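Visitor: Quick one: this structure, given as structure tokens, is what I'll be asking you about.
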Amino acid sequence: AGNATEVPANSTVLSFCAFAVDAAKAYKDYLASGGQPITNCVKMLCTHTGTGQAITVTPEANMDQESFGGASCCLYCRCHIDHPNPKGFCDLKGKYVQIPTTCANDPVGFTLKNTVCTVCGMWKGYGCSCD
Amino acid sequence: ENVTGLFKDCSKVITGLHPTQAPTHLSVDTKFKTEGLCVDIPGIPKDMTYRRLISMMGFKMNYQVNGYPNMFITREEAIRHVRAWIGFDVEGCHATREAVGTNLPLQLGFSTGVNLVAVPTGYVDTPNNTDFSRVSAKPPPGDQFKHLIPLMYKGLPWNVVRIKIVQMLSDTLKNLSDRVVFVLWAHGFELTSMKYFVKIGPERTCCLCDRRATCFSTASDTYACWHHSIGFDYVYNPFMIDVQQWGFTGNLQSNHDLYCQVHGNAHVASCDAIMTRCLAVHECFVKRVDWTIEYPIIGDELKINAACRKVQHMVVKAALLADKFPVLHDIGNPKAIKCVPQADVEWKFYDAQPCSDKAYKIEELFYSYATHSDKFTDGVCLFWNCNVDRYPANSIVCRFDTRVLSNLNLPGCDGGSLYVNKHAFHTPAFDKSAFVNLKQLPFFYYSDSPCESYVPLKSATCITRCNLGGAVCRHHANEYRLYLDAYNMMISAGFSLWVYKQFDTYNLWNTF
RNA sequence: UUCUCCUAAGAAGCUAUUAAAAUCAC
RNA sequence: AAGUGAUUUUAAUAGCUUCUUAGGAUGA
Ligand SMILES: [Ca+2]
Ligand SMILES: [Ca+2]
Ligand SMILES: [Zn+2]
Ligand SMILES: [Zn+2]
Ligand SMILES: [Zn+2]
Ligand SMILES: [Zn+2]
Ligand SMILES: [Zn+2]
């Protein structure tokens, strides 16, 4: 009884960021030890012709991004632990995220290490042209 | 099967979730999934109020990372940390209303005999963050676990029973070892129930100290050893062994009672934790003294062993030089180490089994009373640290009294206890029926060393020509007091000397 | 008549999926 | 109304091998 929501490939990296004091730094280091990054993420069938921003309520990406399901990428909403930012709310859960396809094999590692630029509205560094 | 029962949504809501606010792909309902990739439809919006209990059952700690020390250890490094075994059994309830298909821990019990009774809580999934709140439970249907029915009403919130644990481990394991090795049987629902009080991470060090860090604290993000862990929530990096993967078939109560018969309310949450390590202790230590595995020094290890060797070198020489025994038997010494080399008796080594040497012609023999009641009739048999059920009528026994509890004497199987002092001796239960043929030993000191030339001591227990006279010499007063210190320290350590019926302390006097 | 290949049929097996039946641990 | 798994048996289905049968065509 109960709908299942996890595949056995992640069963050994979610059960290791679950028990961890800081599961951000404890997942950066999991990849370095030859492990494989988190899969089974949500991938949206957008049109690849949209204003590519980090977080938006509707799938909007360029020809080189790929809009994912926001929650799917927040590692914390993916191993069901507490979010570290004040008040404990996820800035992703509920809003589509668009990852550069250069790294779209493991978005869950992208959002953990990159950062959204405030006024440029895009992924700081991967399009943040703040010259 | 392509799935797992881990984080399996346990709600009773029919439909799935929106593309966003969906953890994985298998969780987006069939209204959105089209051609292996989800699509957004503005016809239906995302949710704003909902809660979906999450089943944290089926954790797999088979990871490995370059710094992170692993939990599950294998016997040979579980047998080296035997001072830090804590049985662990958690008995749990179910989920009933608007949530079905999951267990969640209710009563926890460790081998310290400590039932803690948490409240049924579980990680629900608000549309913003994975919460941690009460969920309505239902005691397990049946009768063998009937005691769980009136217990679902008298619990504690977790953050008040996460600190009862660390204030309980850090009382037992405070002065035995520097880690915790949960000796758990199922391995199943005992990792669903460690998500709530265990963190892990790279091996860090006690703040304010230098021992290994084995506690955490979400208030002041800082670690501690067992000593400086006052008011600390989580255990740090606990190791844990799984006992039924050592190859046991059948439930616990019928896999334990094959050996021990004094562990008994076998379905509560803490007598199923004492059976969980009384069965790990037994079939890991019961039948050998590995010798090869040294142990760290907790305290008094040198002095207790030195006092034991002194008193053993003492009493056997006294008995031999008193009763003029022609031959002396020996049982249970691994090598051939003659305790009194300056003797006339023939040291026939009736060892239990040959141990790594044949240089001294040690014999192989096992001792039982009904078998060897009339085999040894000549001389005296030295049963130093022997484990026989009953001792013969001519012997010098030193048996460890297993009813004394200390940081050395860990609890063991079948009433017997594990005395881990530089080695692991599994002495069986200390019963009075074993000493029906013997008596206790009086305190005394006898030496043939000539007297040489401060508080005057007058005690008839000391046997020296100087104290026989009016004035006691300073070449025997300090010897008497040091021997008294050794004797009392050993007796407090827990050994118990026994001697044959005809032992007369006066027979030593006429030797002078 | 022989060889190869193709189409179909029948057989047995392998692995994959679905359903129920039983057992064990929890 | 529906506790968690693990391995078992059969049935239903798909994929593939071999064997047999029939058909077609090539070549001697
Ligand atoms: Ca269990
Ligand atoms: Ca139990
Ligand atoms: Zn999140
Ligand atoms: Zn910018
Ligand atoms: Zn410390
Ligand atoms: Zn027992
Ligand atoms: Zn003297």
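Chain identifiers are assigned as A, B, and so on, following the order in which chains appear in the structure tokens; residues are numbered from 1 within each chain, and ligands are numbered from 1 in order of appearance.
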What lies within 8 Å of stretch 431-437 of chain B using only C-alpha atoms (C1' of nucleotides), ignoring chain neighbours under 6 positions off, as a PyMOL selection string?
Guide: chain B and resi 389-393+498+500-501
Visitor: Selection from above, C-alpha atoms, as an mmCIF file, in the first residue's frame, can you write it?
Guide:
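So selection38.cif came out as:
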```
data_model
loop_
_atom_site.group_PDB
_atom_site.id
_atom_site.type_symbol
_atom_site.label_atom_id
_atom_site.label_comp_id
_atom_site.auth_asym_id
_atom_site.auth_seq_id
_atom_site.Cartn_x
_atom_site.Cartn_y
_atom_site.Cartn_z
ATOM 1 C CA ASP B 389 30.826 -26.955 36.465
ATOM 2 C CA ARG B 390 32.156 -28.390 39.739
ATOM 3 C CA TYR B 391 35.652 -28.609 41.212
ATOM 4 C CA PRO B 392 37.176 -31.667 42.919
ATOM 5 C CA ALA B 393 37.930 -31.941 46.638
ATOM 6 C CA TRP B 498 38.670 -21.265 47.081
ATOM 7 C CA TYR B 500 40.372 -27.620 49.751
ATOM 8 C CA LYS B 501 38.710 -28.727 52.979
#
```
Visitor: From a backbone DSSP assignment, name each residue in stretch 3-127 of chain A labelled helix (DSSP H, G or I), as a ChimeraX atom specification.
Guide: /A:14-17,25-32,70-73,76-79,86-88,101-103,107-113
Visitor: Would you save the residues from that selection as a short mmCIF file (atom, residue, chain, number, x, y, z; two decimals), in the first residue's frame, using C-alpha atoms?
Guide:
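The file below, selection-v3.cif, is the result:
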```
data_model
loop_
_atom_site.label_atom_id
_atom_site.label_comp_id
_atom_site.auth_asym_id
_atom_site.auth_seq_id
_atom_site.Cartn_x
_atom_site.Cartn_y
_atom_site.Cartn_z
CA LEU A 14 19.54 9.25 -0.82
CA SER A 15 20.08 6.94 2.13
CA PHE A 16 23.45 8.66 2.65
CA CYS A 17 22.40 12.28 2.36
CA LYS A 25 28.86 19.01 1.31
CA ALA A 26 28.10 15.32 1.80
CA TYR A 27 26.86 15.05 -1.78
CA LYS A 28 29.57 17.06 -3.46
CA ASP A 29 31.99 14.51 -2.00
CA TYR A 30 29.88 11.53 -3.03
CA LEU A 31 30.42 12.28 -6.70
CA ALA A 32 34.16 12.72 -6.25
CA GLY A 70 12.13 22.47 -9.46
CA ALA A 71 11.70 20.19 -6.62
CA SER A 72 13.28 17.46 -8.41
CA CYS A 73 16.52 19.43 -8.27
CA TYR A 76 16.72 18.49 0.17
CA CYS A 77 13.30 17.92 -1.41
CA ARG A 78 14.85 14.82 -2.93
CA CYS A 79 15.99 13.12 0.28
CA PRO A 86 15.72 30.85 6.77
CA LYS A 87 12.21 29.73 7.79
CA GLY A 88 12.78 26.43 5.99
CA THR A 101 22.29 21.16 -21.06
CA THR A 102 26.06 20.99 -20.56
CA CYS A 103 25.21 19.76 -17.05
CA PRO A 107 20.67 18.92 -12.19
CA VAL A 108 20.58 17.96 -8.52
CA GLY A 109 24.29 18.72 -8.43
CA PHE A 110 23.96 21.86 -10.51
CA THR A 111 21.58 23.78 -8.26
CA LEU A 112 23.59 22.76 -5.19
CA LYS A 113 26.79 24.38 -6.48
#
```
Visitor: Counting only C-alpha atoms, which residue out of A:97, A:9, A:63, A:41 sits closest to chain B?
Guide: A:41
Visitor: Residues of chain D within 12 Å of chain A, using only C-alpha atoms (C1' of nucleotides), as a ChimeraX atom specification?
Guide: /D:1-4
Visitor: Using only C-alpha atoms (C1' of nucleotides) and all ligand atoms, find each residue with an atom at most 6 Å away from ligand 6 and format the answer as a list in words.
Guide: residues 260, 261, 262, 263, 275, 278, 413 and 414 of chain B
Visitor: How would the residues just chosen look if you wrote them out with C-alpha atoms as a PDB file, in the first residue's frame?
Guide:
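Dumped everything to part_11.pdb:
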```
ATOM      1  CA  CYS B 260      20.500 -18.830  27.447  1.00  0.00           C
ATOM      2  CA  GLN B 261      17.519 -19.169  29.696  1.00  0.00           C
ATOM      3  CA  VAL B 262      17.583 -16.047  31.706  1.00  0.00           C
ATOM      4  CA  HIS B 263      16.487 -13.350  29.402  1.00  0.00           C
ATOM      5  CA  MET B 275      18.557 -10.939  23.676  1.00  0.00           C
ATOM      6  CA  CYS B 278      23.270 -11.880  24.495  1.00  0.00           C
ATOM      7  CA  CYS B 413      25.500 -14.890  28.127  1.00  0.00           C
ATOM      8  CA  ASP B 414      23.603 -17.242  30.453  1.00  0.00           C
TER       9      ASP B 414
END
```
Visitor: For ligand 5, list the contacting residues at 6 Å or closer, counting only C-alpha atoms (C1' of nucleotides) and all ligand atoms, as a PDB file with C-alpha atoms, in the first residue's frame.
Guide:
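The result, stored in pocket_24.pdb:
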```pdb
ATOM      1  CA  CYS B 206      35.492  16.575  20.253  1.00  0.00           C
ATOM      2  CA  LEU B 208      37.078  21.476  23.791  1.00  0.00           C
ATOM      3  CA  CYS B 209      38.882  18.113  23.919  1.00  0.00           C
ATOM      4  CA  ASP B 210      40.737  15.600  21.743  1.00  0.00           C
ATOM      5  CA  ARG B 211      38.738  12.344  21.872  1.00  0.00           C
ATOM      6  CA  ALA B 224      31.593  16.219  21.639  1.00  0.00           C
ATOM      7  CA  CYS B 225      32.820  13.021  23.214  1.00  0.00           C
ATOM      8  CA  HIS B 227      31.890  13.361  28.553  1.00  0.00           C
ATOM      9  CA  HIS B 228      31.249  16.862  27.179  1.00  0.00           C
TER      10      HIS B 228
END
```
Visitor: Can you check which residues of chain B have any atom within 8 Å of chain A? Use only C-alpha atoms and format it as an NGL selection string.
Guide: :B and (2-12 or 19-27 or 37-40 or 46 or 59-66 or 100-101 or 123 or 127-131 or 195 or 198-201)
Visitor: May I ask you to extract the residues of chain C within 10 Å of chain B, using only C-alpha atoms (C1' of nucleotides), and to give them as JSON, numbers by chain?
Guide: {"C": [17, 24, 25, 26]}
Visitor: Atom CA of residue B:462 to atom CA of residue B:445: how many Å, to one decimal?
Guide: 4.8 Å
Visitor: Per residue of chain B within 7 Å of chain D, which atom pair is closest and at what distance in Å (one decimal), using only C-alpha atoms (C1' of nucleotides), listed by chain and increasing number, as JSON lines?
Guide:
```
{"residue": "B:94", "atom": "CA", "partner": "D:3", "partner_atom": "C1'", "distance": 6.0}
{"residue": "B:101", "atom": "CA", "partner": "D:3", "partner_atom": "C1'", "distance": 6.0}
{"residue": "B:102", "atom": "CA", "partner": "D:3", "partner_atom": "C1'", "distance": 6.3}
{"residue": "B:103", "atom": "CA", "partner": "D:3", "partner_atom": "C1'", "distance": 6.5}
```
Visitor: Among chain A, which residues does DSSP mark as strand (DSSP E) when it is run on the backbone? Keep the chain and numbering as in the structure and answer as a PyMOL selection string.
Guide: chain A and resi 55-56+65-68+96-100
Visitor: Please write the residues from the selection above to a file, keeping N, CA and C atoms, as an mmCIF file, in the first residue's frame.
Guide:
```
data_model
loop_
_atom_site.group_PDB
_atom_site.id
_atom_site.type_symbol
_atom_site.label_atom_id
_atom_site.label_comp_id
_atom_site.auth_asym_id
_atom_site.auth_seq_id
_atom_site.Cartn_x
_atom_site.Cartn_y
_atom_site.Cartn_z
ATOM 1 N N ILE A 55 14.711 30.386 -12.236
ATOM 2 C CA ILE A 55 13.456 29.894 -11.693
ATOM 3 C C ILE A 55 12.313 30.684 -12.304
ATOM 4 N N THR A 56 11.337 29.960 -12.835
ATOM 5 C CA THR A 56 10.153 30.575 -13.408
ATOM 6 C C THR A 56 8.995 29.614 -13.222
ATOM 7 N N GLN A 65 19.165 25.215 -22.795
ATOM 8 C CA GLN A 65 18.754 24.818 -21.463
ATOM 9 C C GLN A 65 17.801 23.629 -21.552
ATOM 10 N N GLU A 66 17.362 23.143 -20.392
ATOM 11 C CA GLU A 66 16.332 22.109 -20.351
ATOM 12 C C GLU A 66 15.584 22.282 -19.030
ATOM 13 N N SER A 67 14.332 22.711 -19.115
ATOM 14 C CA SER A 67 13.540 23.053 -17.938
ATOM 15 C C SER A 67 13.178 21.789 -17.171
ATOM 16 N N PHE A 68 13.520 21.755 -15.883
ATOM 17 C CA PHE A 68 13.288 20.585 -15.048
ATOM 18 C C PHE A 68 12.195 20.873 -14.023
ATOM 19 N N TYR A 96 9.564 26.065 -11.977
ATOM 20 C CA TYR A 96 10.400 25.334 -12.928
ATOM 21 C C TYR A 96 11.820 25.886 -12.896
ATOM 22 N N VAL A 97 12.812 24.994 -12.963
ATOM 23 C CA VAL A 97 14.189 25.439 -13.113
ATOM 24 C C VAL A 97 14.730 24.993 -14.466
ATOM 25 N N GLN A 98 15.612 25.813 -15.032
ATOM 26 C CA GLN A 98 16.204 25.559 -16.333
ATOM 27 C C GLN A 98 17.714 25.428 -16.208
ATOM 28 N N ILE A 99 18.206 24.239 -16.529
ATOM 29 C CA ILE A 99 19.610 23.895 -16.337
ATOM 30 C C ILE A 99 20.306 23.934 -17.691
ATOM 31 N N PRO A 100 21.515 24.484 -17.783
ATOM 32 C CA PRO A 100 22.280 24.370 -19.030
ATOM 33 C C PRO A 100 22.520 22.910 -19.384
#
```
